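Visitor: coords please:
(one chain, ligands or ions: 5)
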Amino acid sequence: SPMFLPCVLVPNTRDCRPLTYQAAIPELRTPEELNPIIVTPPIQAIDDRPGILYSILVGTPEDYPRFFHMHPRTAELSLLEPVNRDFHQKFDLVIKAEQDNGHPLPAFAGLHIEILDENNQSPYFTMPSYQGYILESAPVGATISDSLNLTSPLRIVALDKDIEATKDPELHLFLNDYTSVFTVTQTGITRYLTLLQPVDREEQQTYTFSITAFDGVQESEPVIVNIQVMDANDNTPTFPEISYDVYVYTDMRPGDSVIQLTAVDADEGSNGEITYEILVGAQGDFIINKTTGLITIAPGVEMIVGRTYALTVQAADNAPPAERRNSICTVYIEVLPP
Ligand SMILES: [Ca+2]
Ligand SMILES: [Ca+2]
Ligand SMILES: [Ca+2]
Ligand SMILES: [Ca+2]
Ligand SMILES: [Ca+2]
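Guide: Numbering: from 1, shown residues only. Ligands and ions are numbered 1, 2, ... in the order given. I have put the structure below:
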């Protein structure tokens, strides 16, 4: 005698379509968070004070009394305990409505409850840290490499147990620093780092920062990244001045310090290693120390009063010839009397 609502007509007949009500419950969430359980459409039977009592007649699996209670007058559905989807994926219940006047003529309707999977696993990186390498002469857009050889790209793999293994988890990656220097690719299971701006080893040789993944709900633990900027020979050995006027004296004798030249090269290792050489002009009377740049009188040589000299001095770094850099200094020497 009571009918569940809505009554959806079965065309070409006088019959109401039997109802299967629908609810859905986020796995592992609590009653307090979820209650009351929203049912679509809302549960209601008709014939203030309806005089109708609602209850759950039967359901499968038979665990359901442990998880659900229905209010007799309101048909309100209350969760009693959080549901683990590993153990329970769904419930199918039958709802009874009957009159309370003492003449029950029960009606029945279905209620289907889905237990929903949720984004409830934090994303994660498959390494505890990442070491990258980049040459300072690399252009914008260059990919950071995973080795000194610079032959293969630094691979950053971010996964998420909420997503299928072979499927892209579509994570967002936050950098905590240097976001105007480096950027991370925005799609894919494997991410890479590229240059937004050229880097100069002589300004900064190392970059340390961390990356955090985000799945729309939870963040990963931050993962630490170090990037090493490798030297290019892009600095030239440089004297303080183009030329130097210096005077020597008749009394001076072989071995005596004539002048100390000092050039500067900011590059790393042998790229910054300077070698000095007199190309021409010493006329046998002066020599220079290959590594110190100090010029002195040559052995078995005496100054003559009038003599002048023009020494052409070269400073070069010890990069391979193809990349070698040098500059020239000219040293004018005149002998004087004390
Ligand atoms: Ca997740
Ligand atoms: Ca999940
Ligand atoms: Ca440089
Ligand atoms: Ca150099
Ligand atoms: Ca350099």
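
Visitor: now do the helices in the protein.
Guide: For the chain, applying DSSP state H gives helices covering 31-34.

Visitor: could you chop it up by domain?
Guide: With domains defined by curated CATH domains, the chain comprises 3-116, 123-230, 243-336.

Visitor: in TSV: the ones you listed, plus mean neighbour count and distance to ligand 1.
Guide: C-beta: built from backbone N, CA, C; applies to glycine. Listed next are those as TSV, based on neighbours: other C-beta atoms under 10 Å; distance: least, C-beta to the ion, whole Å:
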stretch	mean neighbour count	distance to ligand 1
domain 3-116	14	13
domain 123-230	16	4
domain 243-336	15	43
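
Visitor: and of those domains, who's closest to ligand 2?
Guide: domain 123-230 (4.2 Å; C-beta to the ion).

Visitor: what does the stretch 101-250 of the chain put close to ligand 2?
Guide: 120, 162 (C-beta under 5 Å from the ion).

Visitor: for the stretch 101-250 of the chain, what spans make up the strands?
Guide: Along the stretch 101-250 of the chain, counting by DSSP state E, counting those that start in this stretch, strands occupy 107-116, 124-125, 129-135, 156-159, 172-175, 182-184, 190-191, 193-195, 206-214, 223-230, 243-249.

Visitor: now distance to residue 57 too, for the ones you listed, in CSV please.
Guide: Listed next are those as CSV, based on distance: least, C-beta to C-beta, whole Å:
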stretch, distance to residue 57
strand 107-116, 7
strand 124-125, 46
strand 129-135, 59
strand 156-159, 45
strand 172-175, 48
strand 182-184, 56
strand 190-191, 54
strand 193-195, 61
strand 206-214, 46
strand 223-230, 54
strand 243-249, 108
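
Visitor: quick one: closest of the ones you listed to ligand 3.
Guide: strand 223-230 (9.1 Å).

Visitor: ok now that closest one, how far from the chain's centre?
Guide: Per C-alpha atoms, centre = their mean, to the nearest Å, the displacement of strand 223-230 from the mean C-alpha position of its chain is 11 Å.

Visitor: how about residues contacting it?
Guide: By C-beta atoms under 8 Å, 6 or more residues apart in numbering, the residues outside strand 223-230 that reach it are 125, 127-136, 144, 148, 150, 182, 193, 199-201, 204-212.

Visitor: what strands line up against that strand, and which way round?
Guide: Within its sheet, and counting by DSSP bridges, strand 223-230 is paired with strand 129-135 (parallel), strand 206-214 (antiparallel).

Visitor: any bit of that strand sitting next to ligand 5?
Guide: No - counting by C-beta under 5 Å from the ion, ligand 5 is not contacted by strand 223-230; separation bottoms out at 9.1 Å.

Visitor: report whether that strand contacts ligand 3.
Guide: No - using C-beta under 5 Å from the ion, strand 223-230 stays clear of ligand 3, coming no nearer than 9.1 Å.

Visitor: export that strand as CSV, just CAs?
Guide: Output in CSV follows, covering the C-alpha atoms of strand 223-230 (Å, rounded to 0.1, in the frame of the first residue of the first chain):
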residue,chain,number,x,y,z
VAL,A,223,63.6,14.9,-2.2
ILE,A,224,67.0,16.7,-2.3
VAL,A,225,68.8,17.5,-5.6
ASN,A,226,72.4,18.6,-6.2
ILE,A,227,73.5,19.9,-9.6
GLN,A,228,77.2,20.4,-10.4
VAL,A,229,78.2,23.0,-13.0
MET,A,230,81.2,21.8,-15.0
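
Visitor: so for residue 23, which of the strands paired with strand 223-230 sits nearest?
Guide: Between residue 23 and the strands paired with strand 223-230, the tightest spacing by C-beta to C-beta is seen for strand 206-214, at 30.2 Å.

Visitor: show me how far the closest one is from its chain's centre.
Guide: Centre-to-centre, strand 206-214 and its host chain are 5 Å apart (C-alpha atoms, centre = their mean).

Visitor: and stretch 6-24, end to end?
Guide: 19 Å (C-alpha to C-alpha, to the nearest Å).

Visitor: to the chain's geometric centre, what's the distance from it?
Guide: That offset, for stretch 6-24, works out to 53 Å (C-alpha atoms, centre = their mean).

Visitor: could you do stretch 308-322 as well?
Guide: Per C-alpha atoms, centre = their mean, the centroid offset for stretch 308-322 relative to its chain is 46 Å.

Visitor: is that stretch in proximity to ligand 4?
Guide: Yes - under the criterion of C-beta under 5 Å from the ion, stretch 308-322 makes contact with ligand 4 via residue 317.
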